[PDB]
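All remarks here apply to the structure that follows.
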Amino acid sequence: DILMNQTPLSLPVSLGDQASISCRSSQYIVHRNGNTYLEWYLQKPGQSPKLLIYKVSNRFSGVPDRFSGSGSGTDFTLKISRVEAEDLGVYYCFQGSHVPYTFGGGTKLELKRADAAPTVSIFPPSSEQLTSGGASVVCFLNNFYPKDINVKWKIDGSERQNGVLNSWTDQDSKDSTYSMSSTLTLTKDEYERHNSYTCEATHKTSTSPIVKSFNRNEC
Amino acid sequence: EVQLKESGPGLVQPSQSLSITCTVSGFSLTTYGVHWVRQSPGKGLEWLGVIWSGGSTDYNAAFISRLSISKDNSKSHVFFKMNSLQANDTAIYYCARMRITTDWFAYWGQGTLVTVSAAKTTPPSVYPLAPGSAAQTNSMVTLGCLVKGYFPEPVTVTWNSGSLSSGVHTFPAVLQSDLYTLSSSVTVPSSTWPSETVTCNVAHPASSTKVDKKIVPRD
Ligand SMILES: C=CCO[C@]1(C(=O)O)C[C@@H](O[C@]2(C(=O)O)C[C@@H](O)[C@@H](O)[C@@H]([C@H](O)CO[C@]3(C(=O)O)C[C@@H](O)[C@@H](O)[C@@H]([C@H](O)CO)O3)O2)[C@@H](O)[C@@H]([C@H](O)CO)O1
Ligand SMILES: *[C@@H]1O[C@H](CO)[C@@H](O)[C@H](O)[C@H]1NC(C)=O
Ligand SMILES: [K+]
């Protein structure tokens, strides 16, 4: 199959910046009929992808001038000249020359902002949940930038890897930050075998991790 | 005006088949091919196959053994059927006209979210998330609701009937066991809570569940 490699994975930008997205094919993508079926799609959250550029360089119906494509051989590029708010989303490249047709991995176009540390909050299991036999310890890591972040659970001094599930938000409409939850789920019985519970966040902003915790002795 | 309308199930049992109808308006199926594509967090966008104007087909060979695309030119319907679905076939499925040459009918259907699961409909538990007794105070205060063990998606969550629209992060659902779990955080003035009531409203229409859960401080 033809491999389609997009770069960068993620591209931060300010409203008014110019942007350049790359797509590289593992082979030549000229159809038997002579046409080069390299296409560029933009997708917003919760919407279907929409065609921007077809046959390498041609703009689709209602695509602004600021969008343009070029390329040949194994090398293709999409450039935006002055990014506007409506341009933010995930960009994909597609080849329809050689069956099976294939997509690139996507490039996310997101809005730049100043750095922010996560606001970390730890929550013990409710008494209601314990009655039901389960114990979910929840940690929120809210409003941080950039996206990259690491979360670590410790129980009575020891890192705990199993039982941890994480969920991430998209970039916030109002402030442009992200937010994450990390949830450690245990049985009631194992929850009550331990005393100290710690959620640890390590982020670009600090060389020290941010550590929130509680003790069951006090619960 | 050009529309590709998708219809079919959003839920398929493991080992069963997925059928989708794509009802096309705005161009002729006897002039233009219609493609089928899916999107999953494991594999991103994947092209599955195509039915050309004459009824000949091309399939992605990773699916050829269980995939069939046919059509009815007179009704303007394209039919997708995939057999023997497994958990990792959970994805958004699309019909679409893409890889265009001469025409401007490049449009995608609205997408059909297909979940492959043997799970039974199941209402959520709604656990309130309040700070541990110890300690812990500074402005603002972050609270939450844990909405655990439901099926299928979705649930909605608002706070104080939507009064606290701002300062809320409701995270994407993750699977634990065969059921869904998510949480919503809300951040509101330290002076307000608990002097001021904060209640999360959770809805799971599939089970006719509506639950308000007040966040009591713990002692
Ligand atoms: C009845 C027509 C015979 O052609 C087909 C069929 O329609 O069933 C398709 C044909 O596939 C190929 C080919 O020429 O071998 C290759 C394939 O990759 C495509 O390029 C198709 C068509 O050319 C695509 O048609 C369209 C499109 O759907 O995008 C629409 C057309 O109106 C036109 O705009 C063209 C464009 O100008 C040229 O691409 O695009 O052609 C092949 O499967 C034969 C089969 O050999 C018959 O036994 O059937
Ligand atoms: C998908 O799922 C099945 C699970 O039984 C597995 O056999 C197969 O390796 C998986 N392949 C892909 C491409 O997801
Ligand atoms: K025709």
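Observations
- Of all residues making up segment B:168-182, the number that are facing chain A (nearest Cβ under 7 Å) and not in a strand (DSSP E or B): 2
- When residues of segment B:35-86 are limited to those that are more than 16 Å from ligand 3 (Cβ to nearest atom), outside any strand (DSSP E or B) and among the hydroxyl-bearing types (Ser, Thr, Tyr), the one farthest from the chain's Cα centre (by Cα): B:65
- Pairing each residue of segment B:5-28 that is outside any strand (DSSP E or B) with any residue that is within 16 Å of ligand 1 (Cβ to nearest atom), provided the two are 6+ apart or on different chains, yields C-beta distances under 7 Å for B:26/B:2; B:26/B:105; B:27/B:2; B:27/B:105.
- Yes/no for residue A:119 being within 11 Å of another protein chain (Cβ to nearest Cβ), in contact with a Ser or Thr (Cβ under 8 Å, 6 or more places away or on another chain) and crowded, with 17+ Cβ neighbours inside 10 Å: yes
- Just so you know, in segment B:39-66 the residues that are within 17 Å of residue B:109 (Cβ to Cβ) and free of Cβ contacts under 8 Å to residues at least 60 places away in the same chain include one that is surrounded by the fewest Cβ atoms within 10 Å (Cβ to Cβ), and it is B:40.
- Residues in segment B:87-109 that are outside any strand (DSSP E or B) and either without any contact (Cβ under 8 Å) to a residue 12 or more places away in the chain or over 17 Å from the mean Cα position of the chain (by Cα) (or both): B:97, B:98, B:99, B:100, B:101, B:102, B:103, B:104, B:105, B:106, B:107.
- Qualifying residue in segment B:110-123 (condition: farther than 25 Å from residue B:208 by Cα, touching a residue at least 12 places away in the same chain (Cβ under 8 Å) and away from ligand 3 (no atom under 16 Å from the Cβ)): yes
- The residues listed here are B:12, B:37; of these, the one that is within 16 Å of ligand 1 (Cβ to nearest atom) and at negative phi is B:37.
- In the condition set (1) among the polar types (S, T, N, Q); (2) closer than 27 Å to residue B:133 by Cα; (3) more than 8 Å from chain B (Cβ to nearest Cβ), residue A:171 is compliant with all but (2).
- Here segment B:15-31 is the region considered, the condition is being within 15 Å of ligand 1 (Cβ to nearest atom) and surrounded by fewer than 16 Cβ atoms within 10 Å (Cβ to Cβ), and the residue that is farthest from residue A:100 (Cα to Cα) is B:26.
- Restricted to segment B:27-51, and to residues there that are within 16 Å of ligand 2 (Cβ to nearest atom) and polar (S, T, N, Q), the residue that is farthest from the other protein chains (Cβ to nearest Cβ) is B:40.
- Comparison of B:165, B:139, B:185, B:190 shows that the only residue that is under 22 Å from residue A:178 (Cα atoms), in a loop (DSSP other than H, G, I, E, B), within 13 Å of chain A (Cβ to nearest Cβ) and touching a residue at least 12 places away in the same chain (Cβ under 8 Å) is B:139.
- Failed condition for residue A:173, given (1) within 14 Å of residue A:204 (Cβ to Cβ); (2) part of a loop (DSSP other than H, G, I, E, B): (1)
- When residues of segment B:112-133 are limited to those that are among the polar types (S, T, N, Q) and within 14 Å of chain A (Cβ to nearest Cβ), the one farthest from residue A:131 (Cα to Cα): B:112
Using ideal geometry, Cβ is built from the backbone for each residue, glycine included, and neighbour counts are taken over all protein chains shown. Since every read-out is calculated from the coordinates, none of them should be taken as a lab result.
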